[PDB]
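A single chain, nothing else alongside it, follows as structure tokens in the form deposited in one PDB entry.
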């Protein structure tokens, strides 16, 4: 079934030592166990509550953690892979908690006294001024269930005026209440995720904002130390707000493959022709590339000599460019042939090889701390 503790209660539950990655509630965790004490300890959990702790480490090398997530096992199977006899276990994140004590046992397995942090659920912001006669005008005549009719901000505009009609009884306008409204915040995200990657919004994302906020915290392209901030937030509203602030702070692009190398920033983008900054170009072998033009990029190595052969930008010669770290292909460096060419050198990055990320300040000369918003 489902084993769940009460809010704000102290619980003492074991921590698996091999685990280190942050577990967001809702997302699934598969594990591979070889050690007998790990297996024996998991076997005992199947008899009892089936729940263990997955910490959110701030420094995994020192094993420093202030919060984490409980994990409920739901799948157990003693498999064999590569001539090794291993147990494969699947668990799911459930409750959040605040780390209190980290007593380590006689085994390598260590116990953890911890206090369950509750999921803070707030009623409608306008519910606070009593559900009176304008209440019957609060509910909507269904949704348009149309991708094109519900993108109509004409619908989202009628949504705001009607949901927050009572805004004039308070000291703040309707549009401020929209900035704290989950459905609005959710759709603000969806519109920006679809901007990053085209995909079906209906199937891929859950409709519940608590499920939505957590699901997005998992798939956001961010460091797990930054992800700890999202794990602390108890209100799906503040969580959705924070994720929007992050999304707006992801102004740079890194290697999609290694994700350790900041290539370029959005500032460096530019439209070479009226075609746009990004366009789809073809090579002489039938390969199609969505190419982004940027003035400056770094942490790249060049391959081969420049060639004008089948150049997408006449007057420029391309040189294949790849990531400094993993050598996956990132694009091309375009260099002008003549002196009267306007930028003289620029870069053509293929989109599928890039991934947006927050500009890191690995230069410790000016490391101003990133402040997330609620």
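Here, rigid core means the biggest group of C-alpha atoms that superpose within 1.5 Å across both forms. Residue numbers count along the first chain shown, from 1.
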Using only the Cα atoms and their B-factors as the entry lists them, report which of 52-60 and 339-347 averages higher.
339-347
Given 197-205 and 159-167, the range whose Cα B-factors average higher in the PDB entry:
197-205
Looking at 275, 182, 210, 126, which has the highest CA B-factor as recorded?
275
Among 266, 154, 174, 241, the highest C-alpha B-factor in the PDB entry belongs to 154
Where does the C-alpha B-factor of residue 310 rank in its chain, lowest, middle or highest third?
middle
Within-chain third of residue 136 by Cα B-factor, per the entry
highest
Ranked C-alpha temperature factor of residue 40 among modelled chain residues, by third:
highest
Looking at the temperature factor on the CA atom of residue 355, which third of the chain's modelled residues does it land in?
lowest
Split into thirds by Cα B-factor across the chain's modelled residues, where does residue 328 land: lowest, middle or highest?
lowest
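The same protein has a further form, the form deposited in another entry, not shown here; the description that follows concerns it.
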Scan 237, 112, 231, 255 for the one whose CA shifts by 2 Å or more between the shown form and the other one after superposing the rigid core, and name it.
255
When the rigid core is used for the superposition, does residue 350 move between the shown form and the other one (threshold: C-alpha shift of 2 Å or more)?
yes
Would you say residue 312 moves its Cα by 2 Å or more between the shown form and the other one, aligning on the core?
yes
Using a rigid core alignment, state whether the CA of residue 177 is displaced by 2 Å or more between the shown form and the other one.
no
Knowing the Cα distance between residue 121 and residue 131 changes 3 Å or more in the other form, does it shrink or grow relative to here?
farther
Per the comparison in the other form, the residue 130 and residue 157 C-alpha atoms (change 3 Å or more) are positioned closer
